[PDB]
Each structure stands twice: as structure tokens, then as C-alpha cells.
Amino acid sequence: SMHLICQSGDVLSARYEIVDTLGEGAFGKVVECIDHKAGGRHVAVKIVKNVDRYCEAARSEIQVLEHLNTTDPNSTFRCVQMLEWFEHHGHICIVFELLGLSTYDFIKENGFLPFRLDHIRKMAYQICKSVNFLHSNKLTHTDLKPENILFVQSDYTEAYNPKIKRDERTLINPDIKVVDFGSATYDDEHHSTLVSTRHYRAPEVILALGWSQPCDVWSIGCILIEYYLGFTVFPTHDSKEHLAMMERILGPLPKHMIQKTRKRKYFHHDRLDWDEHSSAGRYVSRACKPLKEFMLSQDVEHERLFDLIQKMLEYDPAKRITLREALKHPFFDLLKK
């Protein structure tokens, strides 16, 4: 179905001419287009699959962005600007300001190399500021990950790095925006305990204990570690394995959370029911280690990032650092000069 209406040269809604595909996902496609009714201005158009769950999510995203873009019309808090929406051969299409690559895509195109620490500090500060603005207006995003953080401009300079015997790209401007508001949920709406595909998922979500704003803080911690290492610390698609990986990196889960969960399959007595000496178990031991052993330097700026990450990755959501507190953390002192 979609392949028939998203090709270079096709014209959407009698005005948007498709140039090329920027990226794909489970939801559909994002394409760059020329807007022939706004003087040729280039824009990004998200074309949503004609499938009920994604159509519903798209309708929800439209409502959320209307509210956020009117509350913050100059994008002071760095939520992407929605320009319009329309329907095209049974597909919902949402038009946005054109941004650069996602942070994930940049990492991938640079050979899975990490961002350097001064860029991480700026990006982290903007992400915390943006999502805190959501938290101040009774929203939780629920789906934060590097694919959903995008550079305003993704241009780079390029040089041979003698230390690693490989060519390396350096972002010119690290400014970002947050996208994808199709899972975003208000305090006063129903919170599905069930949630779909992701490894930025908080332990209270996996154990079905209820969730709200703190689950976003957990996700942001996972993102910051990825930016620092160039790869995910939870490379898994199985819930039980994921919990085993958490235990190895952060220590054992709090007893009171193990006691409250109705997900009894994961536990024997009050311990994670995980065979350490299986095929999968030996892989977890070999790929994961305590958090601080991932540090690449002992320099104080690195220690500061790791202290903030540790507090974001607190198991109990009632004890987890909030984003208001995280914006005052010493890791960010260097930005207030």
C-alpha cells in the first residue's frame, strides 16, 4: 500500500512534492518535500501506516502538538513545530519543520562512535529542559530514545584521528529537538500498564506497577549512556533477560517492588528466576558489568556525568531524581559561565 504513494516526484495534497525518504519505522515513513504553496520551502512529512493502532496514535499526536505549539509558539522548550496535517489515499500525513538527522543516525553514520563530552553536556541539558516542560504541563512522553532526538542541523567537519586509526566526524552545532508525541499521555488519562516495543523502558513499566513522569527520567539515563559509549547497555528483546542485565549493571531489585508486582513469572521466592550458567546467562555476564566500570576516564567531568546517570537509573520511581533537580546537577555548572 504505502510504496504506491511515497515515491520521489509524487505530489501530496496538491502541494507537497516528495524529494526523498529521510527515515522509516514501525509507524511508517518520514519524507522530505518541497512545499509549492509556501514558496518552495522544504518540509518534513510523516506518512502514517493505514493500520488502526498507528492512525489512533497519529490523531493523539496531533492534539498534543496543538497544545504544546500554542503554549510555546517560539519553541523555547524545543518541541518540534507541527505545520499542518491532511489525509492522502487513506493515510494520515503530518507536516513538520525540516530538521537534521536523529542522534541515533549520526552515531550510526560515524561508525558507532560516541559523542564528545562537551556536546553530551549541551544535548543532555536541552533534553532535560524540553522534557521537564512536558512534565510541567501534565504530560509524560513514554517513548524517549535517540531516534526521537533530532539535531536542528546535523552538518559536520571531518578529520583522521591518529589515536584510533580511523576518520571521524565532528558536529558543528549540537542543538536538538524532541519528536514523536503519539504515546504521550496526560496525568488525567488512562495509563495502559501494557506498553509496546522498547529498551529504554523503566523497571516499574516492565513490572506493571504503574508509571508516570519518572519513567521518562529512566529513559533519559539510558540515552546519556548511549551517547557516551556509542552503543546500548541493554541489547535485548526479552523482558526477563532485560531484568537480568539491570541486576548486573545496577545491583539487585528492591524487595518491595518484587513483592508488589503481579508479574510472578519472573521470580522464584523473591529473586529473579535466572539461570546464570545457561547460553543466555553467560552472554549477560560477558556483555554487562557494574555501571561505573563503563567509565573511560577518571577525570572529574566524567565522574559528574556518571553520578547524574546513576540517579536517573534509580530503581524506585518515588526516589528517582526529577528533571527539575537534574537541571541543577554539577555536570551542568560548566554551561552557566
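Residue numbers run from 1 along the displayed sequence. Rigid core (definition): largest C-alpha set, two forms, superposition within 1.5 Å.
So which moves more in 7 other deposited structures of this protein by CA, 198-206 or 120-128, given a superposition on the core? Most displaced of the pair in 7 other deposited structures of this protein: 198-206.
C-alpha RMS from this form in 7 other deposited structures of this protein, rigid core superposed: larger for 295-303 or 34-42? It is 34-42 whose C-alphas lie farther from the shown form in 7 other deposited structures of this protein.
Identify the stretch, either 293-301 or 28-36, whose C-alpha atoms have the larger mean B-factor according to the entry. Mean CA B-factor is higher for 293-301.
Averaging only over Cα atoms, indicate whether 112-120 or 214-222 has the higher B-factor in the PDB entry. The stretch with the larger average C-alpha B-factor is 112-120.
What's the residue among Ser102, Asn132, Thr185, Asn161 with the greatest CA temperature factor in the PDB record? Max CA B-factor in the entry, restricted to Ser102, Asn132, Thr185, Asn161: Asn161.
Can you tell me which of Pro235, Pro146, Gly230, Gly90 has the highest Cα temperature factor in the record? Going by the entry's C-alpha B-factors, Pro235 comes out highest.
Looking at the C-alpha B-factor of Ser278, is it in the lowest, middle or highest third of its chain? Highest third, going by the recorded CA B-factors of the chain.
Classify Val284 as lowest, middle or highest third according to the C-alpha B-factor given in the PDB entry, relative to its own chain. Answer is highest: the recorded C-alpha B-factor places it there.
Going by what the PDB entry lists, where does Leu272 fall on CA B-factor within its chain: lowest, middle or highest third? As the PDB entry reports it, the C-alpha B-factor of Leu272 lands in the highest third of its chain.
Among the chain's modelled residues, which third holds the C-alpha B-factor of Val178? Tercile = lowest for this residue's CA B-factor.
Of the three thirds of its chain by CA temperature factor, lowest, middle or highest, which one includes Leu243? For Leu243, whose C-alpha B-factor we compare with every modelled residue in the chain, the answer is the highest third.
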